[PDB]
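Asker: pasting the first bit of my complex, frame unchanged:
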Amino acid sequence: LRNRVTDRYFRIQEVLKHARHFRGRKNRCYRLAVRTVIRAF
Amino acid sequence: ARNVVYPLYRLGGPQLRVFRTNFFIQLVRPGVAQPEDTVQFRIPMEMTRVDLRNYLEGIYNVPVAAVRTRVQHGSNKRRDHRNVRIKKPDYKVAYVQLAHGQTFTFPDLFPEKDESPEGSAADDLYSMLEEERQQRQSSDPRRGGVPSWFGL
Amino acid sequence: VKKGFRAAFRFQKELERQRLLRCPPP
Amino acid sequence: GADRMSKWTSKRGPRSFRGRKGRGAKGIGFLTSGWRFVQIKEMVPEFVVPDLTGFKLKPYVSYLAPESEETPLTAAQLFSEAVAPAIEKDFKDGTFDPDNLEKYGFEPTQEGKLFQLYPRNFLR
Amino acid sequence: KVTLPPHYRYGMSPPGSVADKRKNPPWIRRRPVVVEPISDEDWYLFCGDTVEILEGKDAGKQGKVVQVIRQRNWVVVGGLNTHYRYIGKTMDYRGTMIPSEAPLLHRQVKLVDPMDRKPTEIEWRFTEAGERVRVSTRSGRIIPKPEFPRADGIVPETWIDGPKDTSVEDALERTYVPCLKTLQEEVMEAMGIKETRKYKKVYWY
Amino acid sequence: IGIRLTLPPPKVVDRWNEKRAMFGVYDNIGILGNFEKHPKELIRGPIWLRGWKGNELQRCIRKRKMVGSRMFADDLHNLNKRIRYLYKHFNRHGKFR
């Protein structure tokens, strides 16, 4: 049984939702946004 | 001949005879200017100039004075969609010179006049096509793109 | 193409919410 | 490197290669001293061409011809139409010798014939 | 001379046509169409048959099968199941609108009673003379097989032999006399060719 | 990207096809049948896996023993390498000794 993640889109938006008001590439690129959202929280 | 085992010959042995030849040739129009008595053929690769001499005088009763041949390489340059080469086959060309002062000019096998049939054709589909376009005309500039159908 | 139904259904719901915000009905 | 996929032909290689390989034409003689080629008349195939004056069979056959069932010839059908008539006759006449089969067309051996059926020694 | 990929998709235009080359190039790889296996014996619809369209806008209508495409279980019913398309259309010319038929599946059309002129189901049965025919499963009236124009296109009624056609008398003549001789030996004798030189034995290996 | 834009074709399950409706029938063939047959005799599968279980090294050893003489050469060579590989892994590596 090969299991692959199918709802990764929704996992990503959970971070990106809080990054939309940031500046630069850290408002859309998860790799960068996830670090700035953690710092913001 | 082709694709057949030739009986081996030993000295003091019978003549080699072919009753039903599978050699098939085509008379071709030359690509360059040739002498008047020269006729060009495309012949099988396994057909020699001695065969072609005895072939033309045997089957067609053409008196032959000289035969010359050359092997044309077919382009292997084309690629199909898999980037694999497509081979245009090689073929043998023969130059035949007629004997008793005879000459030859390759006939015109597609005369224009004959390709125009005087007899009329009454195909509904073809006629409908030409008829309908003629009835339709260009939009009148002064109507400014208003549909013309409405009689009003 | 990944197996399953739930994420596809859930994504359909999100595309439907966006259409409404894009074209709010009267 | 070299092309491995293309056909190997006499157009390829050096002078010694290109003249040694051919294109499949059968030979009609031999070379002697001086690279003198001797054409052997009997090795040149002679076309046996029939007389076609007043021949009534033409390239095509008219569409107004009755259909027939295909029956490939077999050794039996050939036997029962070219040999049986004479054997059967002589069997009733008590002249059938089961030893002298040459009378009816049997060839005990192919050696000595111009056209030997096996091994075939004639062109099509 | 036939070059059809393994999953070639049959369609309206015939294999090899200009439109078929345009729709199915050598590199095309579409998902296969799943077609119900109908054995060649159980196929009861032929060119010329009269069928009743059972599904579509022309459902309930009747018409003649103008084309059968076996590979899709299709039949084209002349003038029915139609939509509209333009033809001869260029840049300037709008074109000529024509009706164009869409194919139907063997399940969407039923054959019609030979006399009742009503949709009926057929079961292939043999006759007293053992001839496979289409016997109605509802009435028994045998629906005959029509005569569609020979695919070749030759109407034997209007056939007149040309200068390169053999006469029936000559074509049906029998000049063959069975003999224990090859065409080689007979022609040598017929043309009076004499060979005294005996063929010497060869080594075969 | 990465998420399908339409719903997949709906999946219909016949919970009462013959395979499901009769599943488990004869699993008590021994205790209800005077133990003439063991329930393991109902298992269909590879000859080397019927009524038997093991880790992957045991399965490979068991398959090699029982059908190894009948295996294709490429497959037998892979099995020999797999046994050797698992032999080193299970006997020499790991957190616990």
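Answerer: Sure, I can see it. Residues are numbered from 1 along each chain as shown, chains lettered A, B, ... in the order given.
Asker: Report the contact partners of residue B:9.
Answerer: By Cβ atoms under 8 Å, 6 or more residues apart in numbering or on different chains, the contact set of residue B:9 is B:16, D:40, D:42-43. The C-beta positions use only the backbone N, C-alpha and C, and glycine is treated the same way.
Asker: go with 10 Å
Answerer: Counting by Cβ atoms under 10 Å, 6 or more residues apart in numbering or on different chains, residue B:9 touches B:15-16, D:27-29, D:40, D:42-44, E:199-200, E:202.
Asker: gap between it and residue D:39?
Answerer: Using Cβ to Cβ, to the nearest Å, we find residue B:9 at a distance of 12 Å from residue D:39.
Asker: can you list residues touching both of the two?
Answerer: With Cβ under 10 Å, 6+ apart as the test, residue B:9 and residue D:39 both reach D:27-29.
Asker: would CSV of those residues with secondary structure, neighbour count and distance to residue E:123 be doable?
Answerer: Formatted as CSV, the entries for these read as follows, by DSSP: H, G, I helix; E, B strand; the rest coil; neighbours: other Cβ atoms under 10 Å in any protein chain shown; distance: Cβ to Cβ, whole Å:
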residue, secondary structure, neighbour count, distance to residue E:123
D:27, coil, 14, 68
D:28, coil, 20, 69
D:29, strand, 14, 73
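Asker: ok, now chain G:
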Amino acid sequence: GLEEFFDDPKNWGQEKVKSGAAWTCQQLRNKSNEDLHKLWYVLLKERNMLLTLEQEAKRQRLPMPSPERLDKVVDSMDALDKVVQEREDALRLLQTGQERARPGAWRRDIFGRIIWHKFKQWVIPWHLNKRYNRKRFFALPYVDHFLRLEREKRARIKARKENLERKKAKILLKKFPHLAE
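Answerer: One more piece, chain G, placed on the ones above:
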């Protein structure tokens, strides 16, 4: 003469030339060998004429008038071959009992394969032929493992084809569940 490589000058330029049917094999079995020796050459001259026209069509970038004419002559010449080969084949079986005109044998090759070796014609016996005796008609033991790997490859091909047929037949009874019956 050379006019026999072309059609009748009246047919030059016509979009169609009406043509009869191809000589059927059965129509030719009624005919003598001498009549088929003549008929062959009537077909040869037509084929050469049709081959000429086909090429000149390509040279002129025009369609060949009535192309099926060429397809008929080929079919008609194929029949005649078959009819003439049936007779010598049948005659060869009666007089010698041999099923093939050319001698041969089943041989192992240097690669371990069983192949039908067609004999060639020679003037010397085989034990004196240098080039012939260089060919190996046997295989050595190092070939054995390769025969097994080739057989196992063939079996893998056959196993996949059969398993795929059973898969696609199962998908048919899903799409058409009225097909089980």
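Asker: With chain G now part of the structure, what is the answer for the contacts of residue B:9?
Answerer: For residue B:9, the contacting residues are B:15-16, D:27-29, D:40, D:42-44, E:199-200, E:202, G:121, G:123, taking Cβ under 10 Å, 6+ apart as the criterion.
Asker: Can you tell me which of the residues you listed comes closest to chain A?
Answerer: Relative to chain A, the closest of the contacts of residue B:9 is residue G:121; by Cβ to the nearest Cβ it sits at 64.0 Å.
Asker: so the closest residue to that closest one other than its chain neighbours is in which element?
Answerer: Leaving out its chain neighbours, the residue that sits closest to residue G:121 by Cβ to Cβ, 6 or more residues apart in numbering or on different chains is residue B:8, at 3.9 Å. According to DSSP states H and E, residue B:8 maps onto no helix or strand at all.
Asker: show me the contacts for residue B:8.
Answerer: The contact partners of residue B:8, taken as Cβ under 10 Å, 6+ apart, are B:16, D:43, D:121, E:199-200, E:202-204, G:120-123.
Asker: gap between the closest residue to residue G:8 other than its chain neighbours and residue B:129?
Answerer: Leaving aside its chain neighbours, residue G:8 sits nearest to residue E:163 (7.7 Å; criterion: Cβ to Cβ, 6+ apart). Residue E:163 is 36 Å from residue B:129, where distance means Cβ to Cβ.
Asker: swap in residue E:1?
Answerer: When Cβ to Cβ is the yardstick, residue E:1 and residue B:129 sit 33 Å from each other.
Asker: throw chain H onto that model:
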Amino acid sequence: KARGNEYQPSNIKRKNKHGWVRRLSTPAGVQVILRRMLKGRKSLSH
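Answerer: To build on what is shown above, here is chain H added in:
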């Protein structure tokens, strides 16, 4: 000096080194061909 041009083609050399007859000449060269036939190569040799 500049490298890269170590291939100096000759049909004689190519045929004598890697051709069909050279391969069949030794049991190791026959097994070269068997390997290439198993893999299904279009070119078994030069």
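Asker: The contacts of residue B:9 again please, chain H included this time.
Answerer: Contacts here follow Cβ under 10 Å, 6+ apart; on that basis residue B:9 touches B:15-16, D:27-29, D:40, D:42-44, E:199-200, E:202, G:121, G:123.
Asker: could you check the distance from it over to residue G:132?
Answerer: When distances are taken as Cβ to Cβ, residue B:9 and residue G:132 turn out to be 20 Å apart.
Asker: Just the element for residue G:158, please.
Answerer: If you go by DSSP H and E, residue G:158 is part of helix G:144-175.
Asker: now residue F:19
Answerer: Since the elements are taken from DSSP H and E, residue F:19 ends up inside helix F:18-21.
Asker: The next helix or strand after that helix packs against which elements?
Answerer: Next helix or strand after helix F:18-21 toward the C-terminus (DSSP H and E): helix F:56-67. Using 3 or more Cβ pairs under 10 Å, 6 or more residues apart in numbering or on different chains; DSSP states H and E, the elements in contact with helix F:56-67 are helix F:73-92.
Asker: The helix it packs on vs chain H: in contact?
Answerer: No: using Cβ under 10 Å from any Cβ of the partner chain, no contact is recorded between helix F:73-92 and chain H, whose separation bottoms out at 10.5 Å.
Asker: Measure how far that helix is from the centre of its chain, please.
Answerer: Taking Cα atoms, centre = their mean, to the nearest Å, the mean C-alpha location of helix F:73-92 is offset from the chain mean by 18 Å.
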